[PDB]
Amino acid sequence: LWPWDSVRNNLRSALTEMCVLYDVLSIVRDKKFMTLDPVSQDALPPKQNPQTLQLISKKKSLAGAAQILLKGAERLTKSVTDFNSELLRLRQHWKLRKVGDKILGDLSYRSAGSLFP
Amino acid sequence: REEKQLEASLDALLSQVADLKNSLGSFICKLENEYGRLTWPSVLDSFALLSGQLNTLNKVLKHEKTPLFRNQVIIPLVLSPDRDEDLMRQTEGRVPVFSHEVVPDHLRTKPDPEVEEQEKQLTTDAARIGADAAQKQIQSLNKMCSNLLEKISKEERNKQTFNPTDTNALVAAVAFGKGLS
Amino acid sequence: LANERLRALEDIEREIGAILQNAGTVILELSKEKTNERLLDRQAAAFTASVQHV
Amino acid sequence: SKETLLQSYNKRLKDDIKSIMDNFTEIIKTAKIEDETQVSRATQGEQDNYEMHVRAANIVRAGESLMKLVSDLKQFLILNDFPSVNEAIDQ
C-alpha cells in the first residue's frame, strides 16, 4: 500500500510503548520475579507545576479550538457561493412523478383523455 | 493493602490495551483491504473516538485512584540471549527473539529529539516576563471561563377552522323551527 | 414559485453571518479588556436564538 | 407509509437538534478546573486540546450535515406543491 504509510508506523509507535506498559504491568502484578517496595519520595518543582502548565495548556487549547473552528468555517462559505433551477422546468413543461428513489414521468395522454393501456 | 491499590489501577490500565488493540488491528486490515471508497468523516469519527475515550480512560486510571507517579520501582530482573517464552505468552507473540538490548530498549525513558528543543524553548520564554503577567492573564481567563459557564448555565433553561359545536348547531338549525322568530 | 428558493437562500446565506457572529464572539472573548461586554453577550445570545429562528 | 416517512424526517430533525447542543456542551464542560491528586499534569493539557480539536470539528460536520439534510428535503418538497401548479397550466 503506497499511500497511508507514515500513519501506520506512527500507530505502531503508540502500539509499542503501550505494549511495554502492558507487559510491565502484567509482570508487576505477578509476585514472582518482581520486587515490590513503597518508595514515598517527593520531587520538588522549581516552578508552580499546576499553574505553570496552566499558563500554556488552556491557552493552546482555546487557540487550537478557534483555529480548527476557522478551518471549517471558511470551507463552507465558498462551498455555497443551478441544480434546482432546471428541476423547476420539468414540473411545469411536463408531468412529474416520484417513485422509490427515482424521478420519472408519463408520456401517455391519460391526462389528455386517452384510454390506452 | 497497597499492592491491591496498585493492582486496581494497573489491571484496568492494561484492560485499555485490549481496546487499543481492537482498534488498531482492525485499522491495519481495513486500511490495506479497503484503501479505496474514501470517506473522510468515517475515519474522522474513528480518530475522534480514539481521542475521546482512550485518552480519558488511561488518564483517569493514571491520575486518580492510582499509586503516586514517583513511587513505584520499574525493575528488569531476568534477560537471556535466547527467546524467553513468558514474554511471548504475555504479549501474544509481540516483541520477538528476546534480545539482550531489547530489555534496556523497553525502558525508553528518553524522549524525542524535538523534546530537547522544546525544553530549550521552555528555558527561552523564561528570559522574558513569566509568571507575573501570564499568571494574571490565566487568572482572568479562568474567571472568564467561569463567566462563560455561567452564561451557558443561565441559557440552558393551531386555529379552529372547523368547529364541531358550530357544525352540530348547523345540522340542527335547519332540522326544525328554532332561531327564526 | 421562487419564494421557497428564496427561503432556502435565507437559510443558507445566513450561515456566513453565523460564522461572523461566532468569530465576533470569540475575538471579543479573547481580548483581555472588554468594554463592550454587552456586545459580546448579545452576539452570543443572537447566535443562540438565531439558529433557532433558522 | 407516508406517516412513517414523516416520523423518520421528524426523528432525524430532532437528532440534528440534539447533536449541535451535545457538541457545544462538552466543549465547555471539559474546560472546568480541578485540583490535582497524584496526577502528573504534564499530559492532561495536550489531551484536553486534542479532544477540543475533534469536538469543534464535530460542530463543523454538524453544520455540513445540516446543509446536506436540508438539500435532502429540498428535492422532496419540489416534486409535490401547489403555488402555481393549477395556475400556470392554463396561462
# chains A, B, ... in the order shown; residues from 1 in each chain; ligands from 1

call {"tool": "residues_around", "arguments": {"residues": "region 59-65 of chain B", "least_positions_apart": "2", "cutoff": "8 Å", "atoms": "only C-alpha atoms", "output": "PDB file with N, CA and C atoms, in the first residue's frame"}}
result
ATOM      1  N   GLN B   5      -3.973  -1.664  45.772  1.00  0.00           N
ATOM      2  CA  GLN B   5      -4.208  -0.316  45.267  1.00  0.00           C
ATOM      3  C   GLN B   5      -3.456  -0.070  43.963  1.00  0.00           C
ATOM      4  N   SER B   9      -5.568  -0.200  39.668  1.00  0.00           N
ATOM      5  CA  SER B   9      -5.285   0.751  38.603  1.00  0.00           C
ATOM      6  C   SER B   9      -4.626   0.078  37.403  1.00  0.00           C
ATOM      7  N   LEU B  10      -3.617  -0.768  37.645  1.00  0.00           N
ATOM      8  CA  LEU B  10      -2.848  -1.313  36.528  1.00  0.00           C
ATOM      9  C   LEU B  10      -3.633  -2.354  35.739  1.00  0.00           C
ATOM     10  N   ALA B  12      -6.901  -2.274  35.013  1.00  0.00           N
ATOM     11  CA  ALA B  12      -7.708  -1.544  34.042  1.00  0.00           C
ATOM     12  C   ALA B  12      -6.838  -0.773  33.053  1.00  0.00           C
ATOM     13  N   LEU B  13      -5.628  -0.377  33.470  1.00  0.00           N
ATOM     14  CA  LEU B  13      -4.691   0.251  32.541  1.00  0.00           C
ATOM     15  C   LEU B  13      -4.285  -0.709  31.427  1.00  0.00           C
ATOM     16  N   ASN B  55      -8.051   8.277  25.655  1.00  0.00           N
ATOM     17  CA  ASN B  55      -7.245   9.289  26.330  1.00  0.00           C
ATOM     18  C   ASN B  55      -7.874   9.722  27.648  1.00  0.00           C
ATOM     19  N   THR B  56      -9.192   9.605  27.782  1.00  0.00           N
ATOM     20  CA  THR B  56      -9.807   9.826  29.084  1.00  0.00           C
ATOM     21  C   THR B  56      -9.637   8.642  30.024  1.00  0.00           C
ATOM     22  N   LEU B  57      -9.728   7.404  29.521  1.00  0.00           N
ATOM     23  CA  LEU B  57      -9.644   6.252  30.417  1.00  0.00           C
ATOM     24  C   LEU B  57      -8.231   6.034  30.948  1.00  0.00           C
ATOM     25  N   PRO B  67      -1.484   4.637  42.439  1.00  0.00           N
ATOM     26  CA  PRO B  67      -0.246   4.933  43.165  1.00  0.00           C
ATOM     27  C   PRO B  67       0.441   6.159  42.584  1.00  0.00           C
TER      28      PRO B  67
ATOM     29  N   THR D  37      -4.668  15.426  42.294  1.00  0.00           N
ATOM     30  CA  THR D  37      -4.449  14.430  43.346  1.00  0.00           C
ATOM     31  C   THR D  37      -3.636  13.298  42.724  1.00  0.00           C
ATOM     32  N   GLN D  38      -2.300  13.431  42.770  1.00  0.00           N
ATOM     33  CA  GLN D  38      -1.357  12.472  42.180  1.00  0.00           C
ATOM     34  C   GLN D  38      -1.625  12.286  40.685  1.00  0.00           C
ATOM     35  N   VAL D  39      -1.442  13.362  39.928  1.00  0.00           N
ATOM     36  CA  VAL D  39      -1.925  13.410  38.551  1.00  0.00           C
ATOM     37  C   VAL D  39      -0.787  13.339  37.541  1.00  0.00           C
ATOM     38  N   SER D  40       0.316  14.051  37.809  1.00  0.00           N
ATOM     39  CA  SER D  40       1.382  14.327  36.840  1.00  0.00           C
ATOM     40  C   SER D  40       0.805  15.053  35.618  1.00  0.00           C
ATOM     41  N   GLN D  44      -2.125  16.099  30.714  1.00  0.00           N
ATOM     42  CA  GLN D  44      -3.560  16.360  30.650  1.00  0.00           C
ATOM     43  C   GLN D  44      -3.915  17.497  29.697  1.00  0.00           C
TER      44      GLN D  44
END

call {"tool": "interface_residues", "arguments": {"of": "chain B", "to": "chain A", "cutoff": "7 Å", "atoms": "only C-alpha atoms", "output": "number ranges by chain"}}
result
B: 7, 10, 14, 17, 32, 70-72, 77, 90-91, 106, 134-135, 138

call {"tool": "write_last_selection", "arguments": {"atoms": "N, CA and C atoms", "output": "compact mmCIF listing (two decimals), in the first residue's frame"}}
result
# COMPACT_ATOMS: atom_id res chain seq x y z
N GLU B 7 -2.84 -2.65 41.94
CA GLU B 7 -3.46 -3.61 41.03
C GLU B 7 -4.76 -3.09 40.45
N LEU B 10 -3.62 -0.77 37.64
CA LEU B 10 -2.85 -1.31 36.53
C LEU B 10 -3.63 -2.35 35.74
N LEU B 14 -4.07 -1.98 31.76
CA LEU B 14 -3.82 -2.99 30.74
C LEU B 14 -5.10 -3.54 30.12
N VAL B 17 -5.43 -1.65 26.99
CA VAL B 17 -4.64 -2.24 25.92
C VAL B 17 -5.52 -3.04 24.98
N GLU B 32 -5.49 -1.79 4.45
CA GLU B 32 -4.94 -2.50 3.29
C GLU B 32 -6.05 -3.02 2.38
N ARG B 70 5.71 8.92 41.21
CA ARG B 70 7.12 8.86 41.57
C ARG B 70 7.42 7.77 42.58
N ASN B 71 6.46 6.88 42.87
CA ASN B 71 6.60 5.94 43.98
C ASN B 71 7.21 4.60 43.55
N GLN B 72 6.59 3.94 42.58
CA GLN B 72 6.89 2.54 42.31
C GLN B 72 8.24 2.39 41.61
N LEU B 77 14.66 -7.78 35.79
CA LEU B 77 15.50 -8.70 36.55
C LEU B 77 16.02 -9.86 35.73
N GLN B 90 2.78 -13.57 27.34
CA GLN B 90 2.10 -12.37 27.82
C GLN B 90 1.73 -11.44 26.67
N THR B 91 2.69 -11.14 25.79
CA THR B 91 2.48 -10.17 24.72
C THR B 91 1.87 -10.79 23.47
N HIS B 106 13.31 -1.43 26.25
CA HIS B 106 11.94 -1.39 26.77
C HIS B 106 11.72 -0.16 27.64
N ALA B 134 1.51 36.56 32.72
CA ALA B 134 0.74 35.40 32.28
C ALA B 134 -0.05 34.77 33.42
N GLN B 135 0.42 34.93 34.66
CA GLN B 135 -0.34 34.43 35.81
C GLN B 135 -1.66 35.16 35.97
N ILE B 138 -3.99 34.16 33.03
CA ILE B 138 -4.72 32.90 33.16
C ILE B 138 -5.71 32.97 34.32

call {"tool": "closest_residue", "arguments": {"among": "A:45, A:88, A:81, A:31", "to": "chain D", "atoms": "only C-alpha atoms"}}
result
A:88

call {"tool": "closest_atom_pairs", "arguments": {"of": "chain A", "to": "chain C", "cutoff": "9 Å", "atoms": "only C-alpha atoms", "output": "JSON lines"}}
result
{"residue": "A:62", "atom": "CA", "partner": "C:30", "partner_atom": "CA", "distance": 9.0}
{"residue": "A:66", "atom": "CA", "partner": "C:26", "partner_atom": "CA", "distance": 7.8}
{"residue": "A:70", "atom": "CA", "partner": "C:23", "partner_atom": "CA", "distance": 8.4}
{"residue": "A:73", "atom": "CA", "partner": "C:19", "partner_atom": "CA", "distance": 6.3}
{"residue": "A:74", "atom": "CA", "partner": "C:19", "partner_atom": "CA", "distance": 8.4}
{"residue": "A:76", "atom": "CA", "partner": "C:16", "partner_atom": "CA", "distance": 8.3}
{"residue": "A:77", "atom": "CA", "partner": "C:16", "partner_atom": "CA", "distance": 6.0}
{"residue": "A:80", "atom": "CA", "partner": "C:12", "partner_atom": "CA", "distance": 7.6}
{"residue": "A:81", "atom": "CA", "partner": "C:13", "partner_atom": "CA", "distance": 8.4}
{"residue": "A:84", "atom": "CA", "partner": "C:5", "partner_atom": "CA", "distance": 8.8}
{"residue": "A:88", "atom": "CA", "partner": "C:1", "partner_atom": "CA", "distance": 8.7}

call {"tool": "write_last_selection", "arguments": {"atoms": "N, CA, C and O atoms", "output": "mmCIF file, in the first residue's frame"}}
result
data_model
loop_
_atom_site.group_PDB
_atom_site.id
_atom_site.type_symbol
_atom_site.label_atom_id
_atom_site.label_comp_id
_atom_site.auth_asym_id
_atom_site.auth_seq_id
_atom_site.Cartn_x
_atom_site.Cartn_y
_atom_site.Cartn_z
ATOM 1 N N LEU A 62 -7.610 26.721 23.785
ATOM 2 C CA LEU A 62 -8.528 27.700 23.204
ATOM 3 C C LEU A 62 -8.064 28.165 21.826
ATOM 4 O O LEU A 62 -8.887 28.323 20.913
ATOM 5 N N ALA A 66 -10.151 27.582 18.356
ATOM 6 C CA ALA A 66 -10.502 28.647 17.422
ATOM 7 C C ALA A 66 -9.927 28.396 16.033
ATOM 8 O O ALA A 66 -10.604 28.650 15.029
ATOM 9 N N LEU A 70 -12.071 27.829 12.649
ATOM 10 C CA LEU A 70 -11.895 28.653 11.458
ATOM 11 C C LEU A 70 -11.434 27.842 10.252
ATOM 12 O O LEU A 70 -11.577 28.311 9.117
ATOM 13 N N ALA A 73 -14.797 26.818 9.071
ATOM 14 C CA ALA A 73 -15.693 27.955 8.888
ATOM 15 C C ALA A 73 -15.585 28.525 7.477
ATOM 16 O O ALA A 73 -16.598 28.780 6.818
ATOM 17 N N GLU A 74 -14.358 28.730 6.997
ATOM 18 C CA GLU A 74 -14.170 29.281 5.660
ATOM 19 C C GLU A 74 -14.344 28.233 4.571
ATOM 20 O O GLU A 74 -14.455 28.593 3.394
ATOM 21 N N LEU A 76 -16.937 26.205 4.227
ATOM 22 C CA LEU A 76 -18.337 26.147 3.831
ATOM 23 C C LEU A 76 -18.854 27.463 3.272
ATOM 24 O O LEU A 76 -19.929 27.475 2.657
ATOM 25 N N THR A 77 -18.131 28.568 3.469
ATOM 26 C CA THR A 77 -18.569 29.847 2.917
ATOM 27 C C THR A 77 -18.400 29.882 1.405
ATOM 28 O O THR A 77 -19.297 30.338 0.684
ATOM 29 N N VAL A 80 -20.835 27.342 -0.846
ATOM 30 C CA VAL A 80 -22.227 27.669 -1.134
ATOM 31 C C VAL A 80 -22.379 28.908 -1.999
ATOM 32 O O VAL A 80 -23.499 29.192 -2.452
ATOM 33 N N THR A 81 -21.308 29.655 -2.247
ATOM 34 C CA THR A 81 -21.387 30.861 -3.065
ATOM 35 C C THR A 81 -20.518 30.733 -4.312
ATOM 36 O O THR A 81 -20.932 31.109 -5.410
ATOM 37 N N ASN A 84 -31.376 22.920 -8.785
ATOM 38 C CA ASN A 84 -32.822 23.033 -8.662
ATOM 39 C C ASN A 84 -33.432 23.988 -9.679
ATOM 40 O O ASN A 84 -34.663 24.065 -9.763
ATOM 41 N N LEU A 88 -37.183 22.916 -11.763
ATOM 42 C CA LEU A 88 -38.447 23.631 -11.820
ATOM 43 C C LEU A 88 -39.003 23.750 -13.234
ATOM 44 O O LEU A 88 -40.073 24.342 -13.412
#

call {"tool": "closest_residue", "arguments": {"among": "A:79, A:85, A:57, A:108", "to": "chain D", "atoms": "only C-alpha atoms"}}
result
A:57

call {"tool": "closest_atom_pairs", "arguments": {"of": "chain D", "to": "chain B", "cutoff": "12 Å", "atoms": "only C-alpha atoms", "output": "CSV"}}
result
residue,atom,partner,partner_atom,distance
D:21,CA,B:156,CA,9.8
D:22,CA,B:156,CA,11.9
D:24,CA,B:152,CA,9.6
D:25,CA,B:152,CA,8.4
D:26,CA,B:52,CA,11.0
D:27,CA,B:149,CA,10.5
D:28,CA,B:149,CA,6.8
D:29,CA,B:149,CA,8.0
D:30,CA,B:149,CA,10.6
D:31,CA,B:145,CA,7.5
D:32,CA,B:145,CA,7.7
D:33,CA,B:142,CA,8.2
D:34,CA,B:142,CA,11.6
D:35,CA,B:64,CA,11.0
D:36,CA,B:63,CA,8.1
D:37,CA,B:64,CA,6.4
D:38,CA,B:68,CA,5.5
D:39,CA,B:63,CA,3.9
D:40,CA,B:63,CA,6.8
D:41,CA,B:63,CA,8.2
D:42,CA,B:63,CA,10.8
D:43,CA,B:59,CA,8.3
D:44,CA,B:59,CA,7.4
D:45,CA,B:59,CA,11.1
D:46,CA,B:55,CA,10.1
D:47,CA,B:55,CA,6.6
D:48,CA,B:55,CA,9.1
D:49,CA,B:51,CA,10.1
D:50,CA,B:51,CA,6.8
D:51,CA,B:51,CA,5.9
D:52,CA,B:52,CA,9.3
D:53,CA,B:48,CA,8.8
D:54,CA,B:48,CA,5.5
D:55,CA,B:48,CA,7.9
D:56,CA,B:48,CA,10.6
D:57,CA,B:44,CA,9.0
D:58,CA,B:48,CA,8.7
D:60,CA,B:41,CA,11.0
D:61,CA,B:41,CA,8.0
D:62,CA,B:41,CA,10.9
D:64,CA,B:41,CA,10.7
D:65,CA,B:41,CA,10.7

call {"tool": "closest_atom_pairs", "arguments": {"of": "chain B", "to": "chain C", "cutoff": "9 Å", "atoms": "only C-alpha atoms", "output": "JSON lines"}}
result
{"residue": "B:137", "atom": "CA", "partner": "C:32", "partner_atom": "CA", "distance": 7.7}
{"residue": "B:140", "atom": "CA", "partner": "C:32", "partner_atom": "CA", "distance": 8.1}
{"residue": "B:141", "atom": "CA", "partner": "C:32", "partner_atom": "CA", "distance": 8.3}
{"residue": "B:144", "atom": "CA", "partner": "C:29", "partner_atom": "CA", "distance": 8.3}
{"residue": "B:151", "atom": "CA", "partner": "C:41", "partner_atom": "CA", "distance": 8.6}
{"residue": "B:155", "atom": "CA", "partner": "C:45", "partner_atom": "CA", "distance": 8.5}

call {"tool": "write_last_selection", "arguments": {"atoms": "N, CA and C atoms", "output": "mmCIF file, in the first residue's frame"}}
result
data_model
loop_
_atom_site.group_PDB
_atom_site.id
_atom_site.type_symbol
_atom_site.label_atom_id
_atom_site.label_comp_id
_atom_site.auth_asym_id
_atom_site.auth_seq_id
_atom_site.Cartn_x
_atom_site.Cartn_y
_atom_site.Cartn_z
ATOM 1 N N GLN B 137 -3.081 36.828 33.560
ATOM 2 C CA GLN B 137 -3.839 36.511 32.350
ATOM 3 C C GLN B 137 -4.618 35.209 32.500
ATOM 4 N N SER B 140 -7.512 35.791 35.020
ATOM 5 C CA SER B 140 -8.636 36.472 34.386
ATOM 6 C C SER B 140 -9.330 35.570 33.375
ATOM 7 N N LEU B 141 -8.581 34.679 32.722
ATOM 8 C CA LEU B 141 -9.198 33.762 31.771
ATOM 9 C C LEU B 141 -9.945 32.631 32.470
ATOM 10 N N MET B 144 -13.025 34.265 33.280
ATOM 11 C CA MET B 144 -13.781 34.388 32.038
ATOM 12 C C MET B 144 -14.462 33.074 31.669
ATOM 13 N N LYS B 151 -22.928 31.769 31.728
ATOM 14 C CA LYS B 151 -23.777 32.102 30.586
ATOM 15 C C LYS B 151 -24.478 30.864 30.045
ATOM 16 N N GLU B 155 -28.394 29.991 30.125
ATOM 17 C CA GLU B 155 -29.019 29.829 28.822
ATOM 18 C C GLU B 155 -29.470 28.398 28.552
#

call {"tool": "atom_distance", "arguments": {"atom1": "CA of residue 39 (chain B)", "atom2": "CA of residue 98 (chain A)"}}
result
29.1 Å

call {"tool": "interface_residues", "arguments": {"of": "chain A", "to": "chain D", "cutoff": "6 Å", "atoms": "only C-alpha atoms", "output": "VMD selection string"}}
result
chain A and resid 57 61 65 69 72

call {"tool": "write_last_selection", "arguments": {"atoms": "C-alpha atoms", "output": "tab-separated table (two decimals), in the first residue's frame"}}
result
chain	number	residue	atom	x	y	z
A	57	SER	CA	-2.26	24.35	28.26
A	61	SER	CA	-6.48	24.56	23.90
A	65	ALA	CA	-10.12	25.27	19.15
A	69	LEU	CA	-13.16	26.14	14.03
A	72	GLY	CA	-14.05	24.53	8.67

call {"tool": "select_by_dssp", "arguments": {"residues": "chain C", "states": "alpha helix (DSSP H)", "output": "PyMOL selection string"}}
result
chain C and resi 3-30+37-53

call {"tool": "select_by_dssp", "arguments": {"residues": "chain A", "states": "strand (DSSP E)", "output": "list in words"}}
result
residues 97, 98, 99, 102, 103 and 104 of chain A

call {"tool": "write_last_selection", "arguments": {"atoms": "N, CA and C atoms", "output": "JSON list (two decimals), in the first residue's frame"}}
result
[["chain", "number", "residue", "atom", "x", "y", "z"],
["A", 97, "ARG", "N", -43.28, 12.96, -11.54],
["A", 97, "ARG", "CA", -43.70, 11.94, -10.60],
["A", 97, "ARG", "C", -42.47, 11.38, -9.90],
["A", 98, "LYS", "N", -42.67, 10.89, -8.68],
["A", 98, "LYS", "CA", -41.58, 10.30, -7.90],
["A", 98, "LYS", "C", -42.01, 8.94, -7.38],
["A", 99, "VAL", "N", -41.15, 7.94, -7.56],
["A", 99, "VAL", "CA", -41.40, 6.60, -7.05],
["A", 99, "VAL", "C", -40.07, 6.00, -6.60],
["A", 102, "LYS", "N", -36.27, 7.19, -7.60],
["A", 102, "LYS", "CA", -36.00, 7.78, -8.91],
["A", 102, "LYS", "C", -37.19, 8.61, -9.38],
["A", 103, "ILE", "N", -36.88, 9.75, -10.00],
["A", 103, "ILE", "CA", -37.90, 10.65, -10.52],
["A", 103, "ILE", "C", -38.21, 10.27, -11.97],
["A", 104, "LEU", "N", -39.51, 10.15, -12.27],
["A", 104, "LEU", "CA", -39.99, 9.69, -13.57],
["A", 104, "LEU", "C", -41.13, 10.58, -14.03]]

call {"tool": "closest_residue", "arguments": {"among": "C:21, C:38, C:49, C:3", "to": "chain D", "atoms": "only C-alpha atoms"}}
result
C:3

call {"tool": "atom_distance", "arguments": {"atom1": "CA of residue 118 (chain B)", "atom2": "CA of residue 64 (chain A)"}}
result
18.2 Å

call {"tool": "residues_around", "arguments": {"residues": "residue 10 (chain D)", "least_positions_apart": "6", "cutoff": "12 Å", "atoms": "only C-alpha atoms", "output": "PyMOL selection string"}}
result
chain D and resi 3-4+16-17+69+73

call {"tool": "atom_distance", "arguments": {"atom1": "CA of residue 143 (chain B)", "atom2": "CA of residue 28 (chain C)"}}
result
15.3 Å
